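Protein chains in written order, with the deposited numbering: chain B, 9 to 416; chain C, 9 to 416; chain A, 9 to 416.
Below you'll find the structure, written out as structure tokens, and then a few comments.
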Ligand SMILES: N[C@@H](CC(=O)O)C(=O)O
Ligand SMILES: N[C@@H](CC(=O)O)C(=O)O
Ligand SMILES: N[C@@H](CC(=O)O)C(=O)O
Ligand code: NA
Ligand code: NA
Ligand code: NA
Ligand code: NA
Ligand code: NA
Ligand code: NA
């Protein structure tokens, strides 16, 4: 009974209210132990679907599309991704000069120290996209190396169709069918898991507002508004405009990508949201060729929401330490924050941990006593910011896929 | 050559003789390094078949029968499994009052103090039944999450069969067929492995008896006879009885379930016995809809043998510690042992580890010096006790499966 | 554009020359960070293919051929492998008495010490050949357990083809197809990756010669000649001969095993070369039933080149230490090095680590101050000796598969 998109808006509005109120009376722990378990289940059920929906769909996508098209799709979507993420930092820097976050605040030094993780070599990150055991890749996480093998196998399936033989032609047929069976099966599960969505959506914002909704006051409120307006200016001033330029109706696009966004926002897992956003692409008739490859890649590569968050936050820590950033340093963030955004995981809370890499680049390391105590205020409300981020991170990928789709 | 059921009975009788003799002359070391490995190969060979046989069969299972039907079957088998587990504890309690194991014996306090392995939250265990990577589930054991994803998968295939499409209807059929292929194959294998069964049976008891046969004398003899006749009354006073009331011939049931029951007794791994118990279920012509779900679920959930074991051993420790248990402390045993038995793994010797959980609830902890030296005497003959447990643990799943089967 | 078998030879010759030049002028680090990655990309690409190609092919192979044939092929190949490995050591010893590596040399003692790894019991290594989760076998490396289960599955698919049922016989057919689909699909992928091979080959020797080429002077040069002249005399005197005897024209055998021999040489992974060496088998038209099972087993069991290397080194150390080995100690190397060779991993540089095992049997342990400092000279030019080893390790697998196929 009842429409599904309504249930989520009701679970979202009611849950955000129920969270705040329950949380302001000090029931931060009563929500976590009682409410959260239902929001947890919603994420768990989705994660389930990620690996099969991604692997199977993309073998069929790479079998259906031309190997010259797939490669063209690739270069087009990377150029899109890179420029959207670059414009996203500058939008968060402009939002950090418009609003002033932590302008004249002096924070309690010596409270908490942090320890930055040494990032692995670029060579190793790049060579690691080619999996040495595809069964291993599936067996544990690893969407990117899966993407790679999938395409290669999909492509090989096509070459086995052109075969003179009959025994080969059929066995290649039999494989691709069954793989597509799983694919089609998965897209059916996501609907069923979307049926639980409202209950899960309710519980998740109830937890986030109950645990952190009470700390969105003071200079942490002004850093919050700087972000959410900045992200709102990313959806309108960038996506709505680039969809208008490419002749796609931007209003009915939000109609088609509603379920992805609300999941991304609440779930705060770009990775987790993948089977919803992938269905949302099939909803709007984009070829399994294109969206099977662009979405999972964009799940990790394209993070406009994160790119922006790391901008406004770099400025926050720079304002609450006294000294401002050079006009040459403002262009040194744009590069590193896009590099940090690419590198960030499609998992909850990973942006703030990756914000540490864009903090050394400007000159204020996270081992510095007072920088560390400033960072800890932001990490205090990170799950509030995380919600906006992920949603834009996800919206960005779908916007891209739609554009590449109309071009071909 | 030769009948196979006879071979296992010869391997069992000869093995337990050769083991008791060799072990009495102190050749526990020789039988461990020389004979036991042949009994291991049999165990290994069985484990092998579990993942593919469970998964592949249950996908077919959930597609084969109505999603409503599977639901009812579930509620029916859970109501079966709980009541049979609760009857099992009370039967062991009467067996621990009929006999007095550890009646007037004092033990050498301080030999070995045991240690708390903190249990995980039930909310987490329950949440853990949903697998976040179906591959990762299969990849490493994990029967329950696989049961989840399997049913879910199967159920989705059914929906693709009712599709208006042709390309969707065929590729879903193709998939169900391939997965059915695997299922069928793993049944064929378990027949093969069942030919090595006698050799592996021989070696397995030969080791259990060599290692622990001698110690089954004195008060430990009384506690052994307590358990065994208690288990015998579970089969004759509960299984034989409930099979009659439901209109299934108890003796033709025991004939068809023989291989399963023997594997279980010798293997002492309710979980390793799964592919034999699953074959046995198919041998009695039961539907893959029913037994594909019930047997793997019951392999972990329904442990009447473990429940009865924990019963008698609670009374054993209580008698060896002097003070008896109240009528309300005995009704407190019933509930905790049900939890402990369900919570107990289908792996060998695991119930003695969960016995500690049912000893905290009465008021006699495992870290208390003289309880710890009383529990060590039990752990000393646990392999002799484990054989019986596992056998009844597994018999009950088949009994329950058969009963729900006839009713449908 | 351009043939492949030409491109590889130009990459190897130009690459071995560019390597030696760059490294002699101290750029051994420059090659390692710049050139080497390309050569690693090749290895990742091949490795990708090993798990699906080995599994899918052998299930088809074992379903393709008679379980009596496969059994016979197995005993024929094991005999072949053990005999050729034994002969390889006796050839190495004859090279190391003809040449005198480390005759009049006395080394700087005490610089470096080594740590002998504790090898697990043979019974444990044998038992672990049966997997306990086939999905865990694939998931992480584990060619041998896969091999085992693959034959089993293949043989079961067959018995399912003889069933009176329609629904069983078609599902058995469907599964076999989809598995075969993948197998055919992987072989095409190797055709593609072999296109990158010359770029990979060029880089991989650039590295090896840059790092260790310059070290091949003095007494270390005399050992390198000893191993190579031996390995050559294994190719001509053992393969070219045993092939002619069995009636396969050797000259065209080398022609059709070119891609494998050169991948093995440059890549140094007997293991990672397998998808090339399995294709090369198919190219000369050997039955899948035979090479699906001989070649992957051979990758781990049959290492003529390693066995030879261990012979000529066991004679280098002993020469540097001063006191010679007995006639009965030479025959003690023959036995230990065949053993060690069988045990030695299909992975780059493993024979050297395994050389310790054969050294202890002659009475010169690796903990000994001066043995450990001579052994570090051998370990210095290892990649150099490893290239030749690996090639001859693989060639004997193809020679064995070829011979055994001709006898049927
Ligand atoms: N939850 C965010 C993580 C981040 O913003 O760093 C995402 O997956 O996009
Ligand atoms: N062998 C028993 C283990 C136990 O009951 O503790 C089983 O798996 O059923
Ligand atoms: N690279 C060699 C290692 C060895 O010589 O043991 C091989 O894979 O065969
Ligand atoms: Na994203
Ligand atoms: Na990212
Ligand atoms: Na059980
Ligand atoms: Na249990
Ligand atoms: Na080899
Ligand atoms: Na080896």
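Even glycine gets a Cβ: it sits at the ideal position worked out from N, Cα and C.
Inset, instruction - To the nearest angstrom, report how far apart residue 233 (chain C) and residue 390 (chain C) are at their CA atoms. - result: 13 Å
Inset, instruction - Would you kindly work out how many angstroms separate the C-alpha atoms of residue 313 (chain B) and residue 370 (chain B), rounded to a whole number? - result: 20 Å
Inset, instruction - Give the secondary structure of residue 307 (chain C) by DSSP, where H, G and I count as helix, E and B as strand, and everything else as coil. - result: coil
Legend entry - Sequence-distant residues of the same chain with beta carbon closer than 8 Å to residue 256 (chain B), five excluded per side: 410, 411 and 414
Inset, instruction - Could you check which residue in C:136, C:340, C:248 and C:229 has the C-alpha nearest to that of residue 107 (chain C)? - result: C:229
Inset, instruction - Determine the contact status of residue 408 (chain B) and residue 302 (chain B), defining contact as a CB-CB distance below 9 Å. - result: yes
Legend entry - residue 174 (chain A) at chain B interface by Cβ criterion, 9 Å: no
Legend entry - Simplified DSSP assignment, three categories, for residue 125 (chain C): coil
Legend entry - Residue environment, residue 80 (chain C), which counts as buried when at least 16 other CB atoms sit within 10 Å: exposed
Legend entry - Buried versus exposed, by CB contacts within 10 Å (16 or more), residue 189 (chain B): buried
Inset, instruction - Examine ligand 2 and report whether any of its heavy atoms sits within less than 8 Å of the Cβ of residue 77 (chain C). - result: no
Inset, instruction - Give a single yes or no on whether residue 279 (chain A) has its beta carbon closer than 8 Å to a heavy atom of ligand 7. - result: no
Inset, instruction - For the stretch 66-76 of chain C and the stretch 245-253 of chain C, state whether three or more C-beta atom pairs, one from each stretch, are separated by less than 8 Å. - result: no
Inset, instruction - For chain A, find out if any of its Cβ atoms is closer than 9 Å to the Cβ of residue 188 (chain B); answer yes or no. - result: no
Inset, instruction - Consider the C-beta atom of residue 61 (chain A) and the heavy atoms of ligand 9; say whether any pair is separated by less than 8 Å. - result: no
Inset, instruction - On a CA-only basis, which of A:326, A:397, A:394 and A:377 is nearest residue 111 (chain A)? Give me that one, please. - result: A:326
Inset, instruction - Output the distance between the C-alpha atoms of residue 182 (chain B) and residue 143 (chain B), rounded to the nearest integer angstrom. - result: 20 Å
Legend entry - Under 7 Å (Cβ pairs) to chain B, residues found in the stretch 187-208 of chain A: Against chain B - using a Cβ distance shorter than 7 Å - the residues of the stretch 187-208 of chain A are 188, 189, 190, 192, 193, 196 and 197.
Inset, instruction - In angstroms with no decimal places, state the Cα-to-Cα distance between residue 68 (chain A) and residue 166 (chain A). - result: Put simply, the backbone Cα of residue 68 (chain A) is about 10 Å away from that of residue 166 (chain A).
Legend entry - Contact test: residue 371 (chain B) Cβ vs ligand 9 heavy atom, cutoff 8 Å: no
Legend entry - Chain-order list of residues whose beta-carbon lies under 7 Å from that of residue 419 (chain A) (same chain, five-residue window excluded): Past the boundaries of the shown model lies residue 419 (chain A); chain A is included only from 9 to 416, so the question cannot be answered.
Inset, instruction - Kindly indicate which three-state DSSP category residue 223 (chain A) falls into: helix, strand or coil? - result: coil
Legend entry - residue 403 (chain B) beta carbon less than 9 Å from that of residue 272 (chain B): The answer is yes: Cβ separation under 9 Å.
Inset, instruction - Using 8 Å as the cut-off, classify the Cβ of residue 354 (chain C) as near or not near the heavy atoms of ligand 6, replying yes or no. - result: Correct: residue 354 (chain C) has its Cβ closer than 8 Å to ligand 6.
Inset, instruction - For residue 169 (chain C), count neighbouring C-beta atoms within 10 Å of its own C-beta (all shown protein chains included) and say buried if the count is 16 or more, exposed if not. - result: Result: exposed.
Legend entry - In chain order, each alpha helix (DSSP H) run of at least 4 residues that lies wholly inside the stretch 224-292 of chain A: 226-242, 249-254, 258-264, 266-275 and 282-291
Inset, instruction - Please decide whether residue 147 (chain A) counts as near chain B, where near means a Cβ-Cβ distance under 9 Å. - result: yes
Legend entry - Cross-chain neighbours of residue 52 (chain B) in chain C, by beta carbon under 7 Å: 135, 138 and 140
Inset, instruction - Could you name the residues of the same chain whose beta carbon sits closer than 6 Å to that of residue 386 (chain C), not counting the 5 residues immediately before and after it, in chain order? - result: 321
Inset, instruction - Quick one: list the residues of chain C neighbouring residue 56 (chain B), beta-carbon separation under 7 Å, in chain order. - result: By Cβ distance, chain C contributes 138, 139, 140, 142 and 157.
Legend entry - residue 182 (chain B), enclosing alpha helix (DSSP H) - first and last residue: Start and end: 175-203.
Legend entry - Nearest-angstrom Cα separation, counted from residue 97 (chain A) out to residue 137 (chain B): 41 Å
Inset, instruction - For residue 165 (chain B), return the contacting residues in chain A, with the cut-off set at a CB-CB distance below 7 Å. - result: 193
Legend entry - Within 9 Å, strictly: CB atoms of residue 109 (chain B) and residue 231 (chain B): yes
Inset, instruction - Could you check the C-alpha separation between residue 207 (chain B) and residue 260 (chain B) for me, to the nearest Å? - result: 26 Å
Inset, instruction - Please check if any C-beta of chain B sits within less than 9 Å of the C-beta of residue 180 (chain C). - result: yes
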